[PDB]
There are 4 protein chains.
Amino acid sequence: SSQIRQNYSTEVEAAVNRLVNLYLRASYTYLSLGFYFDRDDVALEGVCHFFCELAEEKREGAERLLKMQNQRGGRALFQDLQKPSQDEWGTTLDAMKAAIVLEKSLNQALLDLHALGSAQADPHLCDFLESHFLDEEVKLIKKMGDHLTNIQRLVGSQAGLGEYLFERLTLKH
Amino acid sequence: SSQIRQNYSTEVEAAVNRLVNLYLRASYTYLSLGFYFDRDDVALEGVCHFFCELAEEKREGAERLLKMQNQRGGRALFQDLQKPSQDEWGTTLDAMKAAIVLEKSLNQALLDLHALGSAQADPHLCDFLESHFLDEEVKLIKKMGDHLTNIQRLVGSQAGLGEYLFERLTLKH
Amino acid sequence: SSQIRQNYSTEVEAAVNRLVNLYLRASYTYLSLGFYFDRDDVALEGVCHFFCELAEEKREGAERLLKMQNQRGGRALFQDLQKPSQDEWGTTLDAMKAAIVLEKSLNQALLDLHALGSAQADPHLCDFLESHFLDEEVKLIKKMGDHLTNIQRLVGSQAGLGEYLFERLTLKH
Amino acid sequence: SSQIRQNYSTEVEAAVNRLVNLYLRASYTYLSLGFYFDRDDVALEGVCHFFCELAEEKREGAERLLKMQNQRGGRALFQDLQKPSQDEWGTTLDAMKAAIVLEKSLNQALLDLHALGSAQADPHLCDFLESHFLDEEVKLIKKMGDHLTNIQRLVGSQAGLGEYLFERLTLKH
Ligand SMILES: [Ru+3]
Ligand SMILES: [Ru+3]
Ligand SMILES: [Ru+3]
Ligand SMILES: [Ru+3]
Ligand SMILES: [Ru+3]
Ligand SMILES: [Ru+3]
Ligand SMILES: [Ru+3]
Ligand SMILES: [Ru+3]
């Protein structure tokens, strides 16, 4: 049993474990997106790299949450990771829309956990989120939004040409 | 239209645009102070540098607010910048008092925006202010207060001599 | 009161103060252009950089004018900076046309001030403009004209694709 | 006889020779000022350095005028250099006032020669002055004005103390 736990509610402990599951689930989704874009019949290497990097970032997010859970004297509890929502992710546009949907859901979970910690007078939890997660997520969402706009600009008339150019000229490869 | 905006009230968006205007206005005030101290009949180069550096800091403050406004999916709206309150700024003492008055007003605007964001459950906004503005302003005000005290100590009997020495021995030039 | 002023008419002094206001106003316009292009639903980073750099150049222009005003024994007088003419700037093409319109107006103001200084037999003023402003403005206008031509070439049939390519392949990002 | 002279009036040639004499005369004045401040009963080394450096600058000015006179095919003609106006230069304040009087007279001579060259359609002469003399003189006069203001600020009550501090804290030594 913990000899350190202090000001760390059971409600926050449980919500941290759920947020871990949401981050790991997001990582898994991004692994599936990344490998889809590496298929021989899709073959958009910059898209593949973008999602593979997100998979790693989301995993790191989960690991930071787990580290904090132990630092506070909470107990990590793991659940199943549900498989991603799709087996094939459509076009780069479809994929980036799906990514923004996912990130908005993670952001709302962060916000919901921050509200819980504020209500429970848990300022360490609030600070931990503010310092490692909230701004990182806002910056990520802004980048995805920027990408989506450029993707959309490029569909117009000649969607294949637009998809190739976005991958070649915007995404790292 | 934004595809990213999330938990970002119209009230905060508008108050961020007003704070931008307040920061730019402060920058403009400091440009006028700086150039006043560069006049041939004033000629206090360290005072000139101190205000010119503040002009740049306030501009940077505004640009960081604008960047954040876009990161959140808000829309920057610019108003007129009102000319500074004075055309001539008196002595170094008068000027540093005017500077502290200005900074207190900016600080109160920061505090008012932080209170708004807390009431709207906007922790990213609160964190953004805490991390980039609130402490920076407290440190600045403390430095201006320190300066004012040393300026005041030096008036006593021989105000011209005191004004020269402060500029030469405290301010960078 | 100045002990240095020599061959520096009240007419030139006033026109220098107006040119300062025109340069600051141009800087402000360029700040608004820059931030428009950073919006999530516009997202043209090279365009954003181009205008942000112009904002800084115009500010520097104003500061050089103010420095000269003091060097000559004139007195800087600041007015309101009027907000930019538009809140949203349309396409890259619309924006670069607006930029060239702005620059032509600044150029005409430079030319008008040079004519004034020639009529007043103020060769230092004339030289100051020739050496720091007139050629810089001609080079800038030529660059904007070059850009506009390439933008225009690229609209043809597929305006979104053209806008993306210009930003990616011409503008620094 | 010159085989090169072109667009170089006898009037400009003569006025260039007079300006040489005015610059050398200014150099001589500054030599006398410099050595006055090196006297054992004056002993203000930073003041001595400031004037000794001006002596050298004025000499260099004359040499540049003479070089140009030959470049244009004119003939240098030298007159007597009149001794400086005073044998003893009073206080630093008296000296800096005398310096500004001298520089204003040189500036007016530059301006008068520029007006002559403009009337004679001698753009090389005009450019030569604009590029090597007019701005250099404006910057110098502004520096002397700045100094005079700081000197004046420091007299107030305790003129000896003010004179020492100016020399120690403003002037290079
Ligand atoms: Ru790959
Ligand atoms: Ru991959
Ligand atoms: Ru200065
Ligand atoms: Ru300054
Ligand atoms: Ru940008
Ligand atoms: Ru920008
Ligand atoms: Ru010496
Ligand atoms: Ru000397």
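Beyond a 25 Å Cα-Cα separation, which of these cross-linked pairs lie in this structure: A:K104/B:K67; B:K58/C:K142; C:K58/D:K104; B:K142/D:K172?
Cα-Cα > 25 Å for B:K58/C:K142; C:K58/D:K104; B:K142/D:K172; rest within.
State the Cα centre-to-centre distance between region C:106-173 and region A:56-115 in whole Å.
49
Among D:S131, D:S157, D:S27, which one shows the highest mean-square fluctuation when chain D is modelled as a Gaussian network with alpha-carbon springs under 10 Å?
D:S157
Measuring nothing but label to label, 7 Å from Cα along Cα→Cβ, what are B:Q152's distances to the other copies in nm, shortest first?
Inter-copy label distances (nm, one decimal, shortest first): 3.0, 5.7, 6.4.
How shielded is A:156-169 by partner chains, expressed as the average number of their Cβ atoms within 10 Å of its Cβ atoms?
Mean shielding by partner chains, rounded to a whole number: 2.
Got a sec? How would C:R18, B:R75, D:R25 order by Cβ neighbour count within 10 Å, fewest to most?
Least crowded to most crowded, the residues run C:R18, B:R75, D:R25.
Please identify, among C:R72, C:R64, C:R39, the residue showing maximal mean-square fluctuation in a Gaussian network model of chain C using a 10 angstrom Cα cutoff.
With Cα springs under 10 Å in chain C, the top fluctuation among C:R72, C:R64, C:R39 is at C:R39.
Other chains near C:22-31: what is the mean number of their Cβ atoms within 10 Å of each residue's Cβ?
The mean count of partner-chain Cβ atoms within 10 Å per residue comes to 2.
Once both axes come from the Cα atoms, what is the angle between helix C:45-71 and the longest principal axis of chain C, in degrees from 0 to 90, rounded to 10?
Between the helix axis and the principal axis of chain C, the angle is about 0 degrees.
Along region B:14-19, what does the Karplus equation 6.51 cos²θ - 1.76 cosθ + 1.60 (θ = phi - 60°) give for ³J(HN,Hα), rounded to whole Hz, x for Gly and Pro?
Computed from phi, the couplings for region B:14-19 are 5, 5, 4, 4, 5, 5 Hz.
Within 10 Å of each Cβ in A:136-143, how many Cβ atoms from other chains are there, averaged over the peptide?
5
Picking from C:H173, C:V12, C:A99, whose Cα lies most toward the positive end of the charge dipole for chain C (charges on Cβ: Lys, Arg +1; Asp, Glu -1)?
Sorting the options by dipole projection puts first C:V12.
Please compute one quarter of the surface area of the Cα convex hull for the protein assembly as shown and express it in square nanometres.
Projected area, direction-averaged: 40.6 nm².
Starting with the fewest neighbours, write out D:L154, D:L22 ranked by other beta-carbon atoms found within 10 Å of each beta-carbon.
Taking fewest neighbouring Cβ atoms as first place, the list is D:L22, D:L154.
Size of the dipole of chain C about the Cα centre, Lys and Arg at +1 and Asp and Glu at -1 on the beta carbon, nothing else charged, in debye to 20?
Charge dipole of chain C: 300 debye, to the nearest 20.
Given the options A:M144, A:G162, D:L116, identify the residue whose Cα lies farthest towards the positive end of the charge dipole of the protein assembly as shown (+1 on Cβ of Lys, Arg; -1 on Cβ of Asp, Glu).
Towards the positive end, the residue furthest out is D:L116.
Find every distance from the label point of B:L165 to the corresponding label point in the other copies (7 Å from Cα along Cα→Cβ) and write them in nm, one decimal, shortest first.
The answer, with the shortest distance listed first, is 0.5, 6.9, 7.1 nm.
In what sequence, highest mean first, do B:103-116, D:45-58 appear when ranked by Cβ atoms within 10 angstrom?
Order by mean packing, descending: D:45-58, B:103-116.
For chain B, build the charge dipole from Cβ charges (+1 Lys, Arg; -1 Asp, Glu) around the Cα centre, then report which of B:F133, B:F51, B:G73 sits farthest towards its positive end.
So the residue we want is B:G73.
Note that each Cβ is placed from the backbone with ideal geometry, even for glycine, and that neighbours are counted across all protein chains shown. Taken together, the values in this text are just the output of simple stated rules run on the coordinates, not laboratory data.
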